[PDB]
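Take a look at the letters that make up each chain.
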There are 2 protein chains.
Amino acid sequence: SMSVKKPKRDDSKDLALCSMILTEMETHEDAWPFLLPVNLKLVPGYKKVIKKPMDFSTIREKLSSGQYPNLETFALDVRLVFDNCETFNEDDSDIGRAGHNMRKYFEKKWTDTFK
Amino acid sequence: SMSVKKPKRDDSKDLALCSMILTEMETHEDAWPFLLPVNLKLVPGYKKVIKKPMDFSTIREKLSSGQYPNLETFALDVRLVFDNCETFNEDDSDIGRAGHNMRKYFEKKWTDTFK
Ligand SMILES: N/C(=N/O)c1ccc(F)cc1
Ligand SMILES: N/C(=N/O)c1ccc(F)cc1
């Protein structure tokens, strides 16, 4: 609270580390469903169903332009990518499996980097 | 944003300084309408009209128990006291004038202490 602070965590490397993790996500062989935004004019249902579209290239543009105020908000967008994927894809499909794989991939990198 | 911070303002004295200012408010001769919470069972209209009652003793209890996370939230409660006063009192009344006087009194102390 006021004048009562926890010891300051050094966050000076967070931006670089998030960029690193995002690069690993981007280069994963199962990243292809998530690299670019879904074309809302070509994919039936997506615009009405998915209230907050997100993809790696958008995350990258936000990261590169200071639109994440902290670690937590970066992770939220990354997880949003896979939450959307689950909403729109059967688990038993190529894209469904990709999402599950990439989520697991992210969460371990996330833990190994900060936890 | 992430890994981009303004120079750290030293906030270690804010709690003591807010307490000091609150003490000056409390001891002002026109503090009497604001020292204690309005009795909602004895004052017609107040409970239905004033959605967020606030008074100095409540501010003091919050301050003393770490319920203000920062300067801004302390000032918000103080100003709420006088906003409520304006809502429920004619400017041309003793309590109305008290509120205006105490608000001016606060805002100068506030500026002189932090600005
Ligand atoms: N099930 C799909 N197969 O291509 C699919 C196509 C486009 C999408 F945006 C999501 C899923
Ligand atoms: N006008 C008033 N006179 O006592 C007044 C009384 C009680 C209040 F809570 C506010 C105002």
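This text follows the structure it describes.
Residues numbered from 1 in each chain as written, not as in the entry; some residues may be left out. Chains lettered and ligands numbered in written order. Heavy atoms only, no water. Residues with missing side-chain atoms left out of burial classes, pairs and counts.

Asks: Looking at this structure, I do not really get the overall build of chain A. What am I missing?
Replies: A tally of helices and strands in chain A yields five helices and zero strands. The secondary structure elements of chain A, listed N-terminal to C-terminal, are α-α-α-α-α. Principal axes of the C-alpha set define a box for chain A whose edges measure 55 × 25 × 25 Å. Sequence separation of 24 or more characterises 67% of the internal contacts of chain A that already satisfy a separation of 6 or more. (Helix = DSSP H or I, 4+ residues; strand = E, 2+ residues; numbered from the N terminus. Contact = heavy atoms within 4.5 Å.)

Asks: Would you mind showing me how to read the interface of chain B and chain A here?
Replies: On the chain A side, the residues contacting the 17 residues of chain B number 17 residues. Of all the secondary structure elements, the ones that give two or more residues to the side of chain B that touches chain A are α1 (14-27) and α4 (71-88) of chain B. Among the elements that take part in the side of chain B that touches chain A, α1(B) stands out by supplying three residues, more than any other. For the side of chain B that touches chain A, the class distribution of residues is eight nonpolar, five polar and four charged. (Nonpolar A, V, L, I, M, F, W, Y, C, P; charged D, E, K, R; others polar.)

Asks: So what exactly am I meant to see when it comes to the packing of aromatic side chains here?
Replies: Using the criterion set out here, one finds 16 aromatic pairs over all chains in the structure. With a centroid separation of 5.9 Å and 25° between ring planes, the pair formed by A:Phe74 and A:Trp110 is classed as stacked. Taken as a pair, A:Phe74 in helix α4 (residues 71-88) and A:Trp110 in helix α5 (residues 94-114) lie far apart in primary sequence, 36 residues in all. Comparing A:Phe74 with A:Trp110 shows no difference in burial state: the two are buried. Where B:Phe56 meets B:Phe82, the ring centres are 6.3 Å apart and the plane angle is 80°; that geometry is what we call edge-to-face. With B:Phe56 in helix α3 (residues 56-64) and B:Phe82 in helix α4, this pair connects stretches of sequence that are 26 residues apart. Note on accessibility: B:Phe56 and B:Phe82 belong to one class, buried. (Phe/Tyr/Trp six-rings, centres within 6.5 Å; stacked < 30°, edge-to-face > 60°. Buried < 20%, exposed > 50% of the residue type's maximum accessible area, 1.4 Å probe, protein only.)

Asks: Can you walk me through the relation of the copies chain B and chain A in this structure?
Replies: Copy one and copy two of the chain differ by a rotation about an axis and a translation along that axis. Take chain B, turn it by 180°, move it 0.0 Å along the axis, and it overlays chain A with an RMSD of 0.0 Å. Given the turn and translation reported, the copies of this chain are related as if by a two-fold rotation axis. By C-alpha distance to the rotation axis, the residue of chain B lying nearest is B:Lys8, at 5.5 Å. Most of the interface of chain B is mirrored in chain A, where 100% of its interface residues again form contacts. (Least-squares fit on C-alpha atoms.)

Asks: Explain the pattern of salt bridges to me, please; I cannot follow it from the model alone.
Replies: Proximity of charged atoms lets side chains of opposite charge pair with each other. All names here are of chain B. For the structure on display, the rule yields 16 salt bridges over all chains. Residue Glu26 is joined to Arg60 by a salt bridge in which the shortest nitrogen-to-oxygen separation is 3.0 Å. With a gap of 34 residues between them, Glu26 in helix α1 and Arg60 in helix α3 connect regions that are remote in the sequence. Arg79 is paired through a salt bridge with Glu107; the nearest N and O atoms lie 2.7 Å apart. Residue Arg79 is located in helix α4, and its partner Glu107 is located in helix α5 (residues 94-114); the two are separated by 28 residues in the primary sequence. For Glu107, a relative accessible area of 25% puts it in the partly exposed group. (Salt bridge = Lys/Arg side-chain N within 4 Å of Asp/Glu carboxyl O.)

Interpretation note: all reported values are geometric properties and have no functional meaning in isolation.
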